[PDB]
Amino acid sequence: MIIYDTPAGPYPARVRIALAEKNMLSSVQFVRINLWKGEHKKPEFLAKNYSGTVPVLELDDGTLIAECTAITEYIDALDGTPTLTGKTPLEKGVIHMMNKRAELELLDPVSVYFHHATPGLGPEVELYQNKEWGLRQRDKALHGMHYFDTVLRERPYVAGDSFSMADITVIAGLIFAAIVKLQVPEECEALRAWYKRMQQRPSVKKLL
């Protein structure tokens, strides 16, 4: 397999974590895409991924798989024992719900805040910025942090009693928030402790 990404990107992390977690990290050669130089927004790369984002997976036959969820879906099913994605119908439903919610209410808003209300990748890559929109998404990420705090009050993992794709997404969201210095509120003690523990999980530890 080939992956196109940037090694310290919060979204690329989700896949890198999943790969370690499946013991498949060895299977992959990574190719660098420089986002600061806008390489992802160039015709060559849009040919690989219309959305212009990283990571992207390229199979041995040349099939391209973009989107973290989709790539994780693929690599988790590859070995016949879904570990991150759900075994039963209900596990599949709950993990996908909390994964999507993790994107919606935490990770995406942090990323939109970064690109629109901060300089982001810089005045040369960010052609249109909507400051007020990026701020609305910051506010949404803050509420999202509170939300995951109440979830992780009740449970050790976001989607039940096992580590899943959904935990990987929350981790990446807090990786991104740390990068742009959007502080997890003090009152979210469960989220903060859980995060510091997650940073020591072998799959996450190796990454950082």
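Don't overthink the numbering: it's just position in the shown sequence, from 1.
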item: Which of 70-78 and 102-110 has higher mean CA B factor, as the PDB entry lists it; value: 70-78
item: Mean Cα B-factor comparison, 21-29 or 188-196, giving the higher one as deposited; value: 21-29
item: Options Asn130, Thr88, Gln137, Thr118 - largest CA temperature factor per the record; value: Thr88
item: Record-listed C-alpha B factor of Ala177: chain third; value: lowest
item: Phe45 by Cα B-factor - lowest, middle or highest third of the modelled chain; value: highest
item: Ranked against its chain, the third holding the CA B-factor of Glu58; value: highest
item: Chain-relative CA temperature factor third for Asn34; value: highest
item: Chain-wide C-alpha B factor ranking for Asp149, given as lowest, middle or highest third; value: middle
